[PDB]
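Working notes, beginning with the structure itself.
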Amino acid sequence: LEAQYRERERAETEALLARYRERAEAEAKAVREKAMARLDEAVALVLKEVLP
Amino acid sequence: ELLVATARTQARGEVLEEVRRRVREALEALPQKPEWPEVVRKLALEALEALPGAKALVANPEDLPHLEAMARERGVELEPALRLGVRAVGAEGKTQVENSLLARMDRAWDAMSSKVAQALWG
Amino acid sequence: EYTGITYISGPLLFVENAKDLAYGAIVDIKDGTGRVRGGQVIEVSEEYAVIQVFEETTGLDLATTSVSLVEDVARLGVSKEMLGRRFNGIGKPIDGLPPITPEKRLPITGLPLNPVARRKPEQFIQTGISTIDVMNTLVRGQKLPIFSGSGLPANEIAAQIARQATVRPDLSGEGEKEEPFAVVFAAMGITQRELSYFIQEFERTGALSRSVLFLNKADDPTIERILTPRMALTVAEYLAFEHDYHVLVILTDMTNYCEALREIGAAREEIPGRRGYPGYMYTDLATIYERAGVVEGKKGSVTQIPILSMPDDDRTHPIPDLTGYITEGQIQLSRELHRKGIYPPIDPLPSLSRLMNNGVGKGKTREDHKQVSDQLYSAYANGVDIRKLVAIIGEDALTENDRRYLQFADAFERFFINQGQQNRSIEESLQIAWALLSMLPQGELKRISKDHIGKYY
Amino acid sequence: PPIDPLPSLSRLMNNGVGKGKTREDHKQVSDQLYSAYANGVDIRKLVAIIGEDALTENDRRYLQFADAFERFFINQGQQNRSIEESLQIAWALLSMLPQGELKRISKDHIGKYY
Amino acid sequence: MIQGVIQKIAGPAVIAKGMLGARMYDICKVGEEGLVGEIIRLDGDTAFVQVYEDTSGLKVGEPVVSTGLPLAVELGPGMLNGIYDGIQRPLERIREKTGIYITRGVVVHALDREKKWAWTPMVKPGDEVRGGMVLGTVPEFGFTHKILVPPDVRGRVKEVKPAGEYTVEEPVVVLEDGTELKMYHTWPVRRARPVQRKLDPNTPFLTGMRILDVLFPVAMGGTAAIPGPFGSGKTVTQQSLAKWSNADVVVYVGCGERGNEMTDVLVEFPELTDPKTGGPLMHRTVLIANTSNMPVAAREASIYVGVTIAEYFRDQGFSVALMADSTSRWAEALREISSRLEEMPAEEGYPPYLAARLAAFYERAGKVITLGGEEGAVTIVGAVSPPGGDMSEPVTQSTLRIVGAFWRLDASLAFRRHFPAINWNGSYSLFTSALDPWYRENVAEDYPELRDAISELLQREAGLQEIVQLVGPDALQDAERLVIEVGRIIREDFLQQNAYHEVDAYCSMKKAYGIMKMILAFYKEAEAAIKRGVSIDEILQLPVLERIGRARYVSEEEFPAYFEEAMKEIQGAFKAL
Amino acid sequence: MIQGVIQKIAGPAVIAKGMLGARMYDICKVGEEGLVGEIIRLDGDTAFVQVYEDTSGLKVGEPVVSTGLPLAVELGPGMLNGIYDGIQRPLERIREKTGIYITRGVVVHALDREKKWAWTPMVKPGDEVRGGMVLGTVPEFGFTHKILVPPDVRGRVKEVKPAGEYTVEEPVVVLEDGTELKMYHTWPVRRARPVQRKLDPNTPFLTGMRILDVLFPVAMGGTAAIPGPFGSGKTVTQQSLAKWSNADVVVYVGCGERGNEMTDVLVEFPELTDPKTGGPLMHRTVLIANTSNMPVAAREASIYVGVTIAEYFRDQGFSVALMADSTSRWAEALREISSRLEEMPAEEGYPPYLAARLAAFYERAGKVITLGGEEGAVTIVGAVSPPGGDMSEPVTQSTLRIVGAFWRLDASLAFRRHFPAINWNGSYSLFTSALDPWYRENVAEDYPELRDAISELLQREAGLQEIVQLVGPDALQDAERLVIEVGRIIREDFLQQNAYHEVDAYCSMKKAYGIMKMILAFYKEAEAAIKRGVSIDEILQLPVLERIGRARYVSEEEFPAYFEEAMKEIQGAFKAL
Amino acid sequence: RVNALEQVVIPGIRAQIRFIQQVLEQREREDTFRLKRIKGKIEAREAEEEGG
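Protein chains in written order, with the working numbering: chain R, 2 to 53; chain H, 8 to 129; chain P, 11 to 467; chain U, 14 to 127; chain L, 751 to 1327; chain D, 751 to 1327; chain A, -10 to 41.
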């Protein structure tokens, strides 16, 4: 009875992780693109306060 | 939740390090932009206004046309071998308070890590 | 980069050309080992200063020395998202990935909390040890040191409190399960076994994605044994108060703390004044413990659990000294119940309690253990004490009456105080408790009322 | 001379001694004298505690060995005893203990001096 | 002027230089945010500044301008109802204007001038005034909070403002002496308010427990003390003067009361209602305690700024109950001074100033009639602890055991059910021969007789106690278990009281009187039980022992009728059997 | 070069002037003699030296030479049979040159550069090397020696010489990074060899002690104290603990070991069997032991030599045994050094920095996987010494801040000539449940079970011992005396492990488990036997008592012949009787 | 009682005072040593007014 409960759970606790890995990766890309088109703006902010 | 957190950090890093890349490119061509005389005097300024007496001032001899005002203010400029900073050496003894650009760039995530991030991300 | 030494020996340095430094200031320095260490300006002077390096000197020549005022006050970048991440006493994450970006950079010295801003708590938790949740009642915003001897375990017992820490869902009349419950850790000196032992019970806990770990090892500097405490608690302040979560903080190895405290004690100018330990010790154990407390207007809280490890079973020793006084309600472990195999080996007979009918045992804390606590005390006493008195009076001499006393000793202790991997709810406690109490006829059971008896018959 | 060996404990007891480096039975009679007295003095504790006794008949022989080791052996004045004279007669006090109750000395030595 | 800057900032203390005109033990303004220092040494132009607030950013070359006041306490109304510091800064003003966190360099009014108070004059403009004379009556709740003329000042009046509110700063009586009597007036903290004479204590103070009076009596106008090693019930024993004291003025002040202990005790007062007042408990509590969240050097100030407040009250003509919560804390703060100043204190870990500043604190006020004709009584109770766990040390002997009452606590003693606990023998009272008059006349002419008679029995059992732990009783006789069981009942019901329950204790003559008469009864008959041939075994098994064992739960109001019905049952279940 | 001279001399310490450019911790040759000290405290430009060798005949003004490079110990081939002592020299060689006595000021190199060994390449040019990886094997005795790349060294390879013997300082592998990577390499003593990932122990540690291991084990990688009051068992149990070992390498640091003890130690090793070459145990030992005749700091240094050697062998992938003898060494070192260098002592002569290096030395130890990617483990057995005769001493309380396993040797058991002397009421272990996997996998399934089944016996013996001394057990019932005389055999023939009989000097799991089932039998039979009315009196006379006593009259390697044999008669011939 | 008294009890109740005593006493070495160095500071300070 244990034998058929374990393999049920195992086969969902891989798939669930797998799906989360596709969101993870894509939301990694989604924080990149917001910053990279407001990137020049940051660099102006760094320049202005290193010259004192 | 941990594999999400980690992946965001790795990407977030790439953006922080990439602003430093862009800022260091600026620094290599900073004497080439014509705002270079304005930068060198304010850095040399803070060095003398502080604790040092300015018994000696040490910058490159090709930064010497841009700090000859301050040759006559305090001491004399004789090289850091940087072309991107100004040492000043006090008369209280050895002392030495160095205002270099490299140091401040590097400390621009060591004292205003928040400011830059909010503009990048929100 | 100021050059000119005068005294170097240990993590206390002195170097001249200074007066631009402030109390509590981050400097950097250069050493002859070709490495850049730290320094807190703990004291300031006329044309020098006292520096406290965040690493042990093992090399520092007098040709090459440096000082650079990084910042005027001394701070650490602290942000909202840093849960799921591990850390060390230096303050670098030990995860392997770029260090997170602050929201506030809060001081590491600590800002005290107003005594006016708190108010009496009354929401109790399940610690999974019966004995506590009856006798002392561990509520939020309350300390309760677990006194531990040397040659005694400290690690074992601690783990039990970490995986069985859980709010009542409405057993008290409410929950706080509606808001995330999370835990914070920070170890102050740990070996090879205590490192891994803690980590593998945190995977039992299922918390390693919502906890902040400030592990300090003994291979890590000895100076960071007293830095890290303050440091850790500022990341408590940030997440309980200003992001409304009930954070459990658990501090262990407050004897390795005291090792590092001693160092500065006598190697600095100051003289000993607490029977061979410092006199500014007080402040060192005040600033630590007094931060914690449920604040009235906040939902969230910092519940601190100190876990001592103090030298032997002396009570004149500095550690249990000040700690006693500070905390309200205490718990002890001994060697009476650690020769019997009873984990945990809590003994409340010498132990004391000062909050158990003080905003607790009444209020939104159940009154059904109100009279029970009072009863259990004098009942458990009748026990333990006469075990001694028997070996003088006779060798087996016990009268009709005293026979009963000692009968309730062996029993209560075995059943009740062996918990460990067994959780007991508020109800489960009281039931069982009363059935060992039926061993004493009416007249010693004066303290429990008419209601109570029948209640839990 | 008053020597009490029971709080006494030496570093070596089989080094610089052995068969032919002292006497063959020196090495044997070492540990023997030690546990033999021990089990005598032990009784004299427990006698006060319960009744006026604390012994059987198999205790009574170890009893007389704490008297025997006493004024005969430990006492001697200042007279010089030889390494022969010592262990030799140390086996006339060990006749009062059962030979079948000896476990701190080997059997092949029981047959050499009884 | 006094001017200078920081030379060497080390620890909470600042050592200044350039100090000109600086005077010993005088308030200052320190740093640039105002941290307030005290000159606690001079060495020419350097003076060791002790800075009550902890340092955290302050550096070399910052201001050090001494005010020139002799750490003066600002006396006036608004004391009643409202938390204050030991350094006197209202905590109300801090919480509202900062946040919930205490930050260094918070400076606000010591005595608020964001309040006004209704004036009733009494004095007439045609009269002259005198030091210690009432100028009018300010009505602060149900109490009478007079306004007095600061000692060493007199003139002749010429005007007196008519009734209305006025700010404590504005005058309300003016004089021909170049001065204006305001409700804002300086009095040093190092100079006591003058007294007319000292009076002999001869009324006792009721501290409303039947073991902190009945057995070891405490005096009104007295001084007393209780110790407590390592958190044995050090804090809990002030839940016995919380409201079960007869004071009309209650001043709760702590040298250092840690964060957790003000989460329950300090919030306890606005959540209670005193029955003597008839009104709230915080109306009658001043509150001027210090936290341990509050800096280490603020702990050292504490004592001298609240003792003067106690005098201000004593003068009006009200019983003052001052109790310094853990006075042991001022000693560590005093002791830290040595370290920082380059000195080494008194040997065996004792503070550098022993008798000098302890004897002074206690005798500053206490059983003294005033200039102004009113009855000053100050009841002061030190709630010390021994730092090393020894009750044999200088500072316990000089002023914590030579007072009215000396008490003690054991660690498994209090755990059974005695909260707070006392040692029956090892604890005495010096004053007890002067508390006999009132107790004779008011209570009964056998109240002093029965209270020595109960104490006799309690300490005579000790006789046998020892032998029990030596080899035991192997012979139980009729005269054996006599003292022994009696004494048992006495320690079981008369010393097990709780301070968390209002049924287990309360301030009431008749409860003390009553309980002690029940026990007298049980005792009385027992001696004549044995003679007849009544086994002590059956003496246990009378239900009347249980009747005396259910007098410590009885309702206060019910007790008179309860007692009368129960006295009869003793005498019936003894003489019959 | 750092060229001072001397300034003052203060006992075996020396202070020096002219010292500029001096780093804290280096090689410090003092006077022209070159005694080898160490630069510790640096005040000003006046650098406090602490000389490991005597300062008789050392004047002031003599030129002091310092390298400005850290003190490092020589690590390379020829390590085994070799001596590195406490002062960086090989005694073997010292013995010959300096004659019968050693004369101070003499120094040579720690590692003999006169040695030659074959080189087997495991690398070629155009390889990529990382710190701690192997470059080649070397066959030194029955052991395999590898040439560990120094940690923090990377880069490509220029050449690698072909096999053949070379001098142990010539380059065998020249790197193409401009570093002729010499055959030996230094690695500072403070610095410790990296680790890729830290792990926890799980392989058992057998040492040849029966009861010792079986009741309170230590893992292979673990740590334990041995506190032994009054010059008892401790001192030569350590010799009997290093006598036999499970671990592959044997590293024995006597840390300034008394010369009269070192005698028997040193000479015993050539006569002890080695189980990988069938000869001198010296083909698997290295002596880091130093002479006690030398000053205090030569006994501090010695511990720091040992560990960086231990690590070197752990990084090649071998189980390493480290045995620090006497914490009485360490204590005395810091005790006296503290005065010398003008340090401020915190408590009882011990410096504030006492558990400083002490803690970390213990820390390093553990089974862990290295940056070389091999697995060794440093296993520790320090012998704790209280100078005062109680554990209340600061030097012994520190050695009890660590955890894992403990052991307690008592003066009283030790007299009876039953070594090891172990107390079931005085130790604990946390390698009981850490070792339970590898028990029921290799040892036996009923070994996590049988160990519990001996403990209960002696649990009840503690509890009952008490009762015994208060009233004899002859007055008590049968079943009380039962377990008492089970107990006899647990000491008579199982706490006596004769270091003079070699069938007790050997012990292993088979002799473990074995005698554990002997005892088991006897217990379960006697409990039922006496419920049939028999008395333990008669049973002492029965042959069954003697029979369990066979554990030191029976062999190690003829043991499975006598095990099963007698086993049967227990359940057989006692239920017939 | 006699037997017992002359062994465990009596000299044991002695050795307790003795052990106590000695540790109280020895503690006061550090007292004097510290106090010594304190003295040294004090004199060193009034020796900078009149010299160096």
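Where a beta carbon is used, it is the ideal one built from N, C-alpha and C, also for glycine.
Going by beta carbons, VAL810/D and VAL873/D fall outside the 9 Å limit. At least 9 Å separates the CB of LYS847/D from every CB of chain P. The residue from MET1317/D, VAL1221/D, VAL815/D, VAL1046/D with its alpha-carbon nearest to that of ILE403/P is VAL1221/D. According to the DSSP assignment, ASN411/P belongs to no beta strand (DSSP E) but to the alpha helix (DSSP H) extending over 410 to 427. Beyond the five residues adjoining it in sequence on each side, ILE298/P comes within less than 6 Å, by CB distance, of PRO239 in the same chain, given in chain order. Using a CB distance cut-off of 9 Å, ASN146/P does not count as an interface residue toward chain L.
Against chain A, the beta carbon of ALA67/U has no neighbour under 7 Å; the closest one sits roughly 11 Å away. Against chain P, the CB of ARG111/H has no partner CB under 9 Å away; the residue lies outside that interface. Nearest C-alpha to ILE1172/L among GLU846/L, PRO977/L, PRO875/L: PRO977/L. If the five residues before and after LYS374/P are omitted, its C-beta is found closer than 8 Å to the C-beta atoms of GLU132, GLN133, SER182, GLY183, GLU184, all from its own chain and listed in chain order.
Residue environment: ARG94/H is assigned as buried (16 or more neighbouring CB atoms within 10 Å of its CB, all protein chains considered).
Residue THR1182/L holds the alpha-carbon nearest to the alpha-carbon of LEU962/L among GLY905/L, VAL922/L, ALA1326/L, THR1182/L. When the beta-carbon positions are compared, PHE1169/D and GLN1246/D come within less than 9 Å of each other.
Within the stretch 1111 to 1181 of chain D, the runs of beta strand (DSSP E) that reach at least 3 residues and sit entirely inside it are, in chain order, 1116 to 1120, 1125 to 1130.
Restricting attention to beta strand (DSSP E) runs no shorter than 3 residues, the stretch 1026 to 1053 of chain D encloses them at 1035 to 1037, ordered along the chain.
Contact between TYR75/U and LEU100/U fails: their C-beta atoms lie close to 20 Å from each other, not under 8 Å. The shortest C-alpha to C-alpha distance from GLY1237/L to any of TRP1174/L, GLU783/L, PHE1111/L, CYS1257/L is the one to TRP1174/L. Secondary structure of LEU885/D (DSSP, three-state): strand. Secondary structure of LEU110/U (DSSP, three-state): coil. The C-beta of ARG34/A comes no closer than 9 Å to any C-beta of chain P.
Using a 10 angstroms sphere on the CB of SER158/P, the tally of other CB atoms reaches 16 or more, which defines it as buried.
Taking each of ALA242/P, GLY138/P, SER76/P in turn and checking the Cα distance to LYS40/P, the smallest one comes out for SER76/P. Across the stretch 13 to 29 of chain A, CB contacts with chain L closer than 7 Å involve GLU17, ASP20, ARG23, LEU24, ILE27, in sequence order along the chain. Within the stretch 64 to 92 of chain U, the residues whose Cβ lies closer than 8 Å to any Cβ of chain D are, in chain order, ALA67. Going by DSSP, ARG947/L is part of the beta strand (DSSP E) stretching over 945 to 948.
In the structure shown, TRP937/D adopts extended strand secondary structure according to DSSP, grouped into three states. Around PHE24/P, the same chain offers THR16, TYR17, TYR58 as residues with beta carbons nearer than 6 Å, after the five sequence neighbours per side are excluded. When the Cα atoms are used, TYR802/L and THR1058/L turn out to be separated by approximately 19 Å.
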